[PDB]
């Protein structure tokens, strides 16, 4: 038996409220952060025209075995065209229920999905055109191409809700990042079929996510607020400890399907929604989400970071350190890049960056004092941003170093962060060197530039 979780919040903004996606996300935040997920219905007349081909888009989907609490990789079979996939997906659903596809109630597909995943005896497998990059097969939204676009497509070219534009807006903080982070700046496409699913997870660096269902049958979502994150993790650890083991890579991350009633029984707040064609779903920082597709569909998604997120981004990197998890980027490097462009930053952005930079500088001061008292006397400036990520990870916690690291003449090429000085080599401290990006003296004027920009 399945007891559907309560409905998540649904917003229907006016053209005025809709005008700015970031001001709207800030306005809904007090409500939506209590549920983790929320649904946004654009004004009735906001209708972008679709941009991908049925016979020219090709993809190899991931095969999915429908088994609850069975470990799966976050990212990992034949070739399909969007047309051939749809024929397969439609024949599957209609044969499964012995009904015309539009006639299958959503409540029934939902109950069936949850029965199916818990029944050991049924070995149902589906396919999911998941994490297809927008860079290669193109966005479902209009984009500037050196092809001719109809004035209808030109209306939506510069919309903040066109998911190609959201990352590069000034209210976005990932915009300013020069470093290669294609997984967090570029949209991903999801070609679903009945029962194709996404396991319980959170976004990298606890970022927000925005998902648009371009067309097709609904996408069913389950969401948990950010405040209940550790509570969900404690529940999932007791029932499936197998996927909670330490991982030596980001590409090897273990996720699973878990019934939301199991979470609800353990007093974890869970909300649901059926996202229909033309609707958006926004996931908030550290908000756990999972779901499945009701049928053949096409969605597009991108991650994003607001000014509200900056302190959480710092807390996340601190959490990755404790867990020995690899970072996608250095948060401190991002803060310093924004500090270096203080003059061109939005005044609200500059103000928030300044507040995080003050924390970073104060933590750096303490860490430098501690490593001096450990006997590390020699020091040399280092341009950490020039090193490939694999060349600047803490041997112990795997953090991407930016502000500083410790090196040893005994272990060439190896680096530790200032938290793990004792993990580097087995040589005396006088043989170590403090490698730093900036002196404390260079850092205070970088912060003053931000203060001048925010005070203007």
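Positions refer to the first chain, counted from 1.
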item: Size class of the missing deposited segment between residue 146 and residue 147; value: 1 to 3
item: Between residue 76 and residue 77 - deposited residues without coordinates, as a size class; value: 4 to 9
item: Stretch exceeding the other in mean C-alpha B-factor - 130-138, 371-379; value: 130-138
item: 253-261 versus 239-247 - which carries the larger mean C-alpha B factor in the record; value: 239-247
item: Highest recorded Cα temperature factor - choice among 205, 337, 201, 102; value: 102
item: Residue with maximal Cα B-factor (values as given in the PDB entry) among 194, 91, 169, 287; value: 169
item: Residue 279 CA temperature factor, ranked by third within the chain; value: lowest
item: Ranked C-alpha temperature factor of residue 42 among modelled chain residues, by third; value: middle
item: Cα B factor band for residue 1 (lowest, middle or highest third within the chain); value: highest
item: Residue 407, C-alpha B-factor rank within chain (lowest, middle or highest third); value: middle
item: B-factor third for the C-alpha atom of residue 436 within its chain; value: lowest
